[PDB]
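Everything below concerns the one structure shown next.
There are 2 protein chains.
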Amino acid sequence: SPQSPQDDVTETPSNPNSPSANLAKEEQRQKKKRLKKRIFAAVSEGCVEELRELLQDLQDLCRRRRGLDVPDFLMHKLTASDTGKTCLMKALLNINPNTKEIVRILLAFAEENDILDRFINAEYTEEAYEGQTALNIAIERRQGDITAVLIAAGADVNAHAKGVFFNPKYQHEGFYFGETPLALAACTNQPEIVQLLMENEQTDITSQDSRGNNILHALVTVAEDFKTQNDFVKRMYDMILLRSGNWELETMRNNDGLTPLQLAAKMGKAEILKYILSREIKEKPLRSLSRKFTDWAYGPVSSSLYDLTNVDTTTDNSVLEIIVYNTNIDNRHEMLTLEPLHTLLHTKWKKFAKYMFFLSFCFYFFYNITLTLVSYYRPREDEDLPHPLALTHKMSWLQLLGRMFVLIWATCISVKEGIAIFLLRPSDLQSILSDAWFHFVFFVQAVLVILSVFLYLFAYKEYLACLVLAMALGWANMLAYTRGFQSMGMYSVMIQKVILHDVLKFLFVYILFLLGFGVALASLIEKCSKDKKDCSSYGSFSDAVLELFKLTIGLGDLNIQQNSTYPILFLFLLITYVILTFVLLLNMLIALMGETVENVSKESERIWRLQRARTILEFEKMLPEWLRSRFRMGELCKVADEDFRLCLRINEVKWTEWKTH
Amino acid sequence: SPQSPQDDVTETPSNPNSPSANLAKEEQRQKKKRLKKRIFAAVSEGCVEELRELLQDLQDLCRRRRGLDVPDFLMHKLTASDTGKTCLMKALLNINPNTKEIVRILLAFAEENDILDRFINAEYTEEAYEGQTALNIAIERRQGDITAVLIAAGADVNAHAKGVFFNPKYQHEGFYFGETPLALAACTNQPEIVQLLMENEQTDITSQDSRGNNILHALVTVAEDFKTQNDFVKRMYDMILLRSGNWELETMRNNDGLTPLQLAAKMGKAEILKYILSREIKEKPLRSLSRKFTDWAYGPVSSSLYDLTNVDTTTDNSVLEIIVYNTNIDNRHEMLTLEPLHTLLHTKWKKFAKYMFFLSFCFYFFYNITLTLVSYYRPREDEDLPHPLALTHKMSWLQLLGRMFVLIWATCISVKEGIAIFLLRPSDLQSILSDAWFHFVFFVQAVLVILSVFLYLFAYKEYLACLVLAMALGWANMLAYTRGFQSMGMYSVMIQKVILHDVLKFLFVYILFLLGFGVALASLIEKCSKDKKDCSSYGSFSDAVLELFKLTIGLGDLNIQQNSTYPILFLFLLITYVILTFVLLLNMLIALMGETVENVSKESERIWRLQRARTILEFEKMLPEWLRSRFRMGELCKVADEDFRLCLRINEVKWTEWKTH
Ligand code: NA
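So this is what it looks like as C-alpha cells:
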C-alpha cells in the first residue's frame, strides 16, 4: 500500500548545485554549469537555434583539450552528474514537437567523435534504475520513428535494466516488465515495434531475466482475471509464438524452475491458461506448437487430443498439483472446469478415488465403534485398578478383538497424519487453517489414545478422563468425511468457516460484558450466610458466571434477591444485562450468522468440487510403484517422429445452435 | 419544506388600483393610468405601433412641465409604483418575438433625455428583491444580444441584489447565486456571456458577497454529490480560473473565514473537491495555479507532489479537520479515499497514532483490573466501617499499589474527558449522540469513583454500591476501544446504532402493553390470604410485572390460578398476553433487528476508516510543542522563488491497461 521510491525519483525541476561544485573549471562567471544546465533546458523546451549555438561552444570548450581526452571528458561533462543520465534521456523523458528534429541534430554531433555508440548505450550508475538506457525511454514514449533511428544508430536491443525499480513485492513500487527492451513493447501494446525489433538480427528472444524469465513470463504478469474490452495481452502472446516456430521456447524454466504454463497457473491468470492450453492454430509447418488435435468433429460432437505435458502428477509441480494446493486464488473454480483439466480429474475419481474414499471411510467408521464398546460396556468401573489383563484370555475374547484394533489404527493414522506436519502450512490464521484444520484434529485424536493406553499401564486416576475426550473428539473427526456428497460437502464448510468467522469475533466482546457484569453481580451479596442461606443464591465470582451464561441461553430464574443489600440496583443491573445479551447480542450474532450462511449457500459447487480435488491428490500421493494401469493414454505421435506427446480423448458440446442461415 | 415568498411575488396579471390613486392628475377620463397601464400591456404583448403612439403622448404629457422636473417625473410616472419596477423589467420578465425590436425603440426614447443611464440602472425599493436591476433579467432570460446592447448601454455589471430572495435557510425559498451579475451567467450555463462579461473592463471579479463570497463560492453551492450527465459546473470553474491567472483568488476567505476549498469541504460537494485538489493543467505561464506536479511517471507508476495548503492540522480549520468533525454529510467516506487526503491520513497513523492508541489502550486495561482486585478480594465485608487505613502500612502494601493507581487515573481521565464538554455538540439526539456518546460514558465513570472514595472517607452505607456500578460501567467503556480492528470496529457501531434505533422504538410500545395487562393481571386476586397462601402467586402491581417480563423472555410458569376469583378470564388474558408478546412482538423486534444489521454489515469499511480518522486528530489534538519530527515534507519551491508550497510524495496506479493499439 505505500509506494516508497526511496531516492532520487528521477527528472526533477528542483535542481541543486551538488555535482557542478566538484568540477569548478571556471573562466566566465561559471564556464560549464552555465553550459551544462543550458543544454538541459534547451532540450527540456526544444528551442533549436539556441541549442545549435550551445553545441557550438561545447565543441569550442572541448577544442582545447589534452591528449585524446576529448571523448571521455564530454561524457563527464554531459553525463555522470549524480546518476549517469544523458541529454538523450532528457531528450526522451519529455516530449515536444521539436523532438525528432533536435535528436537527429544531437545524433549528428557525437558522430563527429568516436564514442557515439558508447554514448547511445549509456546506463545508470544510479543504483535505483541501474542499467536503464535511452532505448526503453523511446519505447516508453511510443516513438518508433525515433526508435527506427535508434535501431539505425546501433544500440544494444538486449540490455538488462536490473535496478531497484522492479519490486521484491508483487504489484507495487514499480512494475516488472522483465528488464528487457523486447518485452517492453509487447507489454505496452506496440505490435509494430514488436515486429520491427524481432525482425532485427541482434534480437535475442530466449534470453532470461535475473529471475530466469523469458519474454512469455513477462506476459504472465500482465493480464486480468476476466475478459477486458479487447485486451492486447492475448493477441501479443501468440504473435510472438507465431514468429517463434520452436517448441523449446515454452520448455524454458526460470530461477524457480517454472514453465510459462506452470507460472501461469501459479499467478492465477486463469483465462490466459485457457488460451495457453487450447492452441488450435492450423498451419502445416506450424502444428508443432498446436495443442488441440481436432479430427473427428461432426456437428455438436468434437474429437479432442490434448497436449498433456506438465499436467498429470507424473513429475513434480504439475499444473493440477499447483492449482489445488495453492492459497491466495480468488477464482480457483475457474481453471477447474476447463475441459482437459476437468476430464482428467473426473476420470481419476471414477478410476481411482471412489474406491479409496469408501475404504478410508469404512475403517474409520469401525474405529469409533470399536472405541465405543470398549468405552460403554467396559467394567473399568468394576474395581480393576491394577493389572487389567488377567488370565482366562483376559475375561473374554471380544475384549481382545476391541483392544488390539484400536492400538493398530491409532498409530496407523498417527504416522499417516505425521505426514501432515511436512513442508506445507505457510501461514497460521489463513486458508491453511481453513484447509488443513482436519489434520490437526486428526492427529491429536490418536495421540490421546496412546496416552490413555499409557495411562492404562500406569493407572494414574486420569486414564478414563483421557479416553472420554479422546472419544468425543473422534466423532468430531468423523464429520470430516462429509466433503464428498453435494448435500454434505457444502455443509461442513459452514461450521468451519462462519464459526471461526463470527463466533471468534463475538467472544472477544461478550466476555467483556460477562467479565464486567459478573463482578458487579458477585460483589452485592455481603457473604451473608456462608452457604447456609445463600445456597439458593449466588456466591463466588465463578458461581454467577454459569448463571448469567445460563440467562444468556434462555435458562435460569430471576426471583433471587434475598441477599443483595440493596435489591433494586441488583435488579436494575440484572434486567439491563438480560435486555442487553439475549434481546440484542444473541440475536445480533444470528443476524450476522444468516447473512454469511446465505453467501455460502450461493457458493455451493465451488467448494464441492475442490474438496474432491483436494483429497484425490492426497490419495494419489498414497500410491507407490504400482501405477501402470492408473495412467492415461500413453505413447502418441502427431504424424512424423516417434511419440511426441501423449494425449487425452474426445469431448462434446451442444452449441451447433447459432445464426448464420 | 414550505416556500413562503412572504409578499408581492412579482409580475402579477391581477392588478389593483393602489398606486395610481395617489397620483390623480386627470384630464380625460383618467389621464395617466390610461397612459401607464397601456404602456405595460403593449410591452406585455409586444404590439409596436400601438406602443409608438403611447410613447408619443408620453412625450406630450411630459412636454408641459415646470423647471427641469421632466426627467424625474417620468421616473415617478413609469417606475416606483409599488416596488420600483420599470418597463424594461416588464420588457424582460416575459419574452416575445418583438422584444429586441421594442427595446431598441425604448432605448432610443430616454436617450432623448439625460437620465437613461440612471434609468437603465434602476433597482427595487421593494424590500424583497432589493437591488434587482434590469441586467440580470436579460441574463435570466438568456438574451446576450440584448445584453450586448445592455453592455453597450453602459450599466453597472457589478450590482448587488441583496434582497430577501437569497435565503437564511439552505436550499429553499429562493436560491443563492451570490447577488452578482457575473456569477449568474456562470451558474446558469452561458459561457459566452461569461467570456463577454469578463472581457469588459468594468468587470470586477474579486468583489465579495454580503457573505463575503467571491464568484467561486457561488460555484460551491451548485453541483451534486455525483457525476451528472456532463454538468457545466466543473467546466465553468476552471474557465474562470484560466482567465484568473493569479493565485490570490482562492486565498480569499468569506465572512465566515472560508477558503473556497474550505467551503467546498464544508458543503460536502465531494466530486468538485477532487477536481479542486488535482489541477494538472500544464502551461508554462500557468502552472502557478496547478497543484499536480507529475514529473516521474513511467507507465503504471506516477510521481506526485501536492499543494497541501490548508490540509494538515497546522492551522485552524483544516480540510482534514472539517471533513471528520462534521455532521450532516452523506458520502463522508468519499473525499477520504482521495489520494493526498488518504495518504496523509494513512502515514500519520503509521507515524503517530499506532503508538498512542496502543498506549491509551493499555493503561485503561490495567485500570479495570486494578479496580477489580480492590473490588473482589476486598475485606470491606470484614467489618471495617470506620477508618479503613490503619497502621502496619495499611494491612498490606498491595492495597496501596491498588488504591493509589485508581485515584490518579480517575482524575486523569476526568480532566481529559472534561475537554469533551468544550465547544462541540450542536444537536442532542443526532450523530453527536452517535459519535460523542463514549465521552458521556467515559466521563460519568470516573465521577462515580471519586464519589465512592468520598463515600469511603464518609461511610454512609452506600459506598460499596457506588463502587459496583462504577465498575461494571468501566468494562462497558472498555468496549469503546473496539474501533481500530476491522473485525471489531464494525461491531460496536451496531450496538450503538440499532439499539438506539429499534429498541427505543419498541419500548415506547411494549410498556404500553405491560402497563395495561399488568393491572389487569393484578386486580384479579381479591387479596385472598395476605401472603400466607398467595405466596405462590401474584400480589401487588410490581409483583406481576417481573413475571410477565419473565414470560416475555421465555421463563416462568403458568399453572398459577389459585386466587383469581374467575379462573378463565385470568387465563384468557394471560394466554392472549403470551401469544401477543413472545409469539409476535419479541419476534417482531428481531425481524427489524436483522434487516438493520444487514444494512450495516454491508457498510463496513465506511465506518471503519472514519473512527480511525476520528481519534487520530484527537490524539493529534493531544500534542504540545514537540512536533518537528511529526511533520510532512517541508520547504519546497516550484522552480523560481523560494519555497512556494510544501508538498507530499508519489503514488501508483495499475491501469496502464486500456485500448488504443
Ligand atoms: Na432471518
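Sequences listed follow chains C and D, in order. Heads up, the first sequence is in the entry's author numbering, so the first residue is 85 and it goes up one at a time. Heads up, the second sequence is in the entry's author numbering, so the first residue is 85 and it goes up one at a time. Note that beta-carbon positions come from the ideal geometry of N, C-alpha and C, so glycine has one too.
Exercise. Thinking C/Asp-586 and C/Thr-665 are a contact (beta carbons under 8 Å), I'd like their distance in whole angstroms, please.
Key: No, C/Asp-586 and C/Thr-665 are not in contact; Cβ-Cβ is about 16 Å, not under 8 Å.
Quiz item: By a C-beta neighbour count over all protein chains shown, 10 Å radius and 16 as the cutoff for buried, is D/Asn-394 buried or exposed?
Solution: So D/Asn-394 ends up on the buried side.
Exercise. Quick one: residues in its chain with C-beta nearer than 7 Å to the C-beta of C/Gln-570, no 5 flanking neighbours on either side, listed in chain order?
Key: Excluding sequence neighbours, C/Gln-570 sits near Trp-692.
Self-check item: One or two residues paired with C/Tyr-208 in a DSSP bridge
Solution: BP columns for C/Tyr-208 point to C/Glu-214.
Quiz item: Is there contact here, the region 410-423 of chain C with the region 503-518 of chain C, by at least three beta-carbon pairs under 8 Å?
Solution: Segments in contact, yes.
Quiz item: So the alpha helix (DSSP H) C/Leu-551 belongs to, where does it begin and stop?
Solution: 547-562 is the span of the alpha helix (DSSP H), which, as asked, contains C/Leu-551.
Practice problem: From the DSSP output, read off the bridge partner residues of C/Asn-735. | Solution: Here C/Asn-735 is bridged, per DSSP, to C/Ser-386.
Quiz item: Name the chain C residues whose beta carbon is nearer than 8 Å to that of D/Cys-271?
Solution: The contacting residues do not exist; D/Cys-271 stays about 37 Å from chain C at best.
Exercise. Assign C/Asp-641 to one of three DSSP states: helix, strand, or coil.
Key: Note: C/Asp-641 maps to coil in three-state DSSP.
Self-check item: Assigned secondary structure, D/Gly-600 (DSSP; H/G/I helix, E/B strand, else coil)
Solution: Helix.
Exercise. Since I believe C/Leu-347 is in contact with D/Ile-583 (beta carbons under 8 Å), could you give me their beta-carbon distance rounded to a whole number of angstroms?
Key: The C-beta distance from D/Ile-583 to C/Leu-347 rounds to 52 Å, too long to fall under 8 Å, and the pair is not in contact.
Quiz prompt | Nearest to D/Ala-212 (by Cα), restricted to the options D/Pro-89, D/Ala-474, D/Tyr-451 | solution = Among D/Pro-89, D/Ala-474, D/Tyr-451, the Cα nearest to that of D/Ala-212 is on D/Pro-89.
Quiz prompt | chain C within 7 Å of D/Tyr-460, Cβ atoms only | solution = Taking Cβ atoms only, chain C reaches closer than 7 Å to D/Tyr-460, which makes this a yes.
Quiz item: Quick one: which chain D residues come within Cβ less than 8 Å of C/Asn-671?
Solution: Scanning chain D for C-beta atoms nearer than 8 Å to the C-beta of C/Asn-671 yields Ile-674, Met-677, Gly-678, reported in chain order.
Self-check item: C-alpha distance - C/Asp-379 paired with C/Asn-735, whole-angstrom precision
Solution: Approximately 12 Å between the Cα atoms of the pair.
Practice problem: Return helix, strand or coil for C/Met-419, following the three-state DSSP convention. | Solution: Under the three-state reduction of DSSP, C/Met-419 is assigned to coil, being neither helix nor strand.
Practice problem: State yes or no: is the C-beta of C/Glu-214 within less than 7 Å of the C-beta of C/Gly-247? | Solution: A contact, by the Cβ cut-off of 7 Å.
Quiz item: Who are the near neighbours of C/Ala-606 in its chain, counting only those whose CB is closer than 8 Å to its CB and skipping five residues on each side?
Solution: Excluding the 5 residues flanking it on each side, C/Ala-606 has same chain C-beta neighbours closer than 8 Å at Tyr-622, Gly-623, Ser-624, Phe-625, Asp-627, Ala-628, in chain order.
Exercise. Examine the Cβ distances between the region 519-527 of chain C and the region 476-488 of chain C and report whether three or more of them are shorter than 8 Å.
Key: No, the region 519-527 of chain C does not touch the region 476-488 of chain C.
Quiz item: Excluding sequence positions up to five away, which residues of its chain have a Cβ less than 8 Å from the Cβ of D/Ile-299?
Solution: Excluding the 5 residues flanking it on each side, D/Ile-299 has same chain C-beta neighbours closer than 8 Å at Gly-262, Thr-264, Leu-266, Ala-267, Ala-270, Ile-289, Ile-324, in chain order.
Quiz item: Are the region 423-430 of chain D and the region 448-468 of chain D touching, with three or more C-beta to C-beta distances below 8 Å?
Solution: With a cut-off of 8 Å, the region 448-468 of chain D and the region 423-430 of chain D do not count as touching, because too few Cβ pairs lie within range.
Quiz item: Ends of the alpha helix (DSSP H) at D/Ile-534?
Solution: For D/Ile-534, the enclosing alpha helix (DSSP H) starts and ends at 521-541.
Practice problem: Find the residues of chain C that neighbour D/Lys-743, judging by a C-beta separation of less than 9 Å, and give them in chain order. | Solution: What D/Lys-743 touches in chain C: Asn-273, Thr-312, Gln-313, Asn-314, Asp-315, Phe-316.
Quiz item: On the three-state DSSP scale, how would you describe D/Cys-171?
Solution: For D/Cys-171, the secondary structure class from DSSP, reduced to helix, strand or coil, is helix.
Exercise. Mind checking which residues open and close the alpha helix (DSSP H) that includes D/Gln-580?
Key: Per DSSP, D/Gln-580 belongs to the alpha helix (DSSP H) from 575-582.
Exercise. Quick one: which residues of the region 430-446 of chain D get their C-beta closer than 9 Å to a C-beta of chain C? List them in chain order.
Key: Residues of the region 430-446 of chain D with a C-beta less than 9 Å from any C-beta of chain C: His-430, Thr-431, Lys-434, listed in chain order.
Quiz item: So, are the CB atoms of C/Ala-175 and C/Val-233 less than 7 Å apart?
Solution: It is not a contact, given that the beta carbons lie outside the stated cut-off.
Exercise. Give the range of the alpha helix (DSSP H) segment to which C/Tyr-460 is assigned.
Key: Segment 438-460, the alpha helix (DSSP H) holding C/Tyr-460.
Quiz item: Does ligand 1 have a heavy atom nearer than 6 Å to the CB of C/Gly-486?
Solution: For ligand 1, not one heavy atom lies less than 6 Å from the Cβ of C/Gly-486.
Self-check item: Limits of the alpha helix (DSSP H) - the one that C/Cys-496 falls within
Solution: Segment 482-502, the alpha helix (DSSP H) holding C/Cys-496.
Quiz item: What separation, rounded to the nearest whole angstrom, lies between the Cα atoms of D/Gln-646 and C/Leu-608?
Solution: Their backbone Cα atoms lie some 35 Å apart in a straight line.
Quiz item: Can you find a CB in chain D that lies within less than 7 Å of the CB of C/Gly-638?
Solution: Closer than 7 Å to some Cβ of chain D, the Cβ of C/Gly-638 qualifies, so yes.
Exercise. With a threshold of 6 Å, establish whether the CB of D/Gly-678 neighbours any heavy atom of ligand 1.
Key: True, at least one ligand heavy atom lies under 6 Å from that Cβ.
Quiz item: When you compare only the Cα positions, how much space is there between D/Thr-397 and D/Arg-690?
Solution: Their Cα atoms are separated by approximately 22 Å.
Quiz prompt | Per-residue contacts from D/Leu-517 into chain C (C-beta, under 9 Å) | solution = Here the premise fails: no neighbours, minimum Cβ distance about 18 Å.
Quiz item: Of all Cβ atoms in chain D, is any one closer than 7 Å to the Cβ of C/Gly-258?
Solution: Residue-level contact check: C/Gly-258 touches chain D, since one or more beta carbons of chain D fall below 7 Å from its beta carbon.
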